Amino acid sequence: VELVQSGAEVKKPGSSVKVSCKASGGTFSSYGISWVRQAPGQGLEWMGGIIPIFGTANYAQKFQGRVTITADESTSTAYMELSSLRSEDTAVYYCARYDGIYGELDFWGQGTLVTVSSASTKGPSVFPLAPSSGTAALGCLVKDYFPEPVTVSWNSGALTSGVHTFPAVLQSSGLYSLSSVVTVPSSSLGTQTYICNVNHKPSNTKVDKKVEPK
């Protein structure tokens, strides 16, 4: 039982998004598919479910007039279209299998990120956090990018110990910002190069930033 969901979306407020969930089988002749979301740092919200041999879905009332959940028997794929999008809809959307005669969500998809904003897909601007006044802290500011996510490594993965990559916070501009820091021995500052590797897939941006003492 695999649930494979379609990829991350970016939407302007007021529009609509359709998320797919391909279930491994042709076996929703015995089960249904639920849709469950989670805004960043928030809890789980049910949105609705469909048991395909019923042809029609049930919806959570918070979304009642806004959501459509459908299922296509031939491709064993379930769908979830949410319209009149607002920033509160910025969430990871999961599909999850359940048995009509029980109801526990026993298998989950990997999730789909939907980001609702006026902002445009934008690569990050990466600036060094240079060490100075035993051990020294240094890092990278990954600034003003949209949307999530971004991955950061150091020295192509060779440096992992002591690395802290902070959760991004949403700026009042609708853009995201984070810093990735690392602690190292002071004595290595002259004698070893430190490069943070930033990958922002949604804008196809890869940045490497040399981080030197001053």
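Numbering starts at 1 and follows the sequence shown.
**Q** How many residues that are in the deposited sequence but not in the model lie between residue 133 and residue 134: none, 1 to 3, 4 to 9, or 10 or more?
**A** Going from residue 133 to residue 134, the model skips 4 to 9 residues of the deposited sequence.
**Q** Is the mean CA B factor in the deposited entry higher across 88 to 96 or across 124 to 132?
**A** Per the deposited B-factors, the answer is 124 to 132.
**Q** I need to verify one thing: averaged over C-alpha atoms only, is the B-factor higher for 107 to 115 or for 70 to 78?
**A** Averaging CA B-factors over each stretch, the winner is 70 to 78.
**Q** Looking at the C-alpha B-factor values in the deposited entry, which of 163, 36, 168, 60 comes out highest?
**A** Of the options given, 60 has the highest CA B-factor in the PDB entry.
**Q** C-alpha B factor of residue 23, ranked within the chain: lowest, middle or highest third?
**A** As the PDB entry reports it, the C-alpha B-factor of residue 23 lands in the highest third of its chain.
**Q** Among the modelled residues of this chain, does the Cα B factor of residue 147 put it in the lowest, middle or highest third?
**A** Bottom third by C-alpha B-factor.
**Q** Taking only the Cα B-factors deposited for this chain, tell me whether residue 192 sits in the lowest, middle or highest third.
**A** Highest third of the chain for residue 192's C-alpha B-factor.
**Q** How does the C-alpha B factor of residue 15 compare with the rest of the chain: lowest, middle or highest third?
**A** Residue 15: CA B-factor falls in the middle third of its chain.
**Q** Using the temperature factors of the C-alpha atoms in this entry, rank residue 203 within its chain: lowest, middle or highest third.
**A** It falls in the middle third of the chain.
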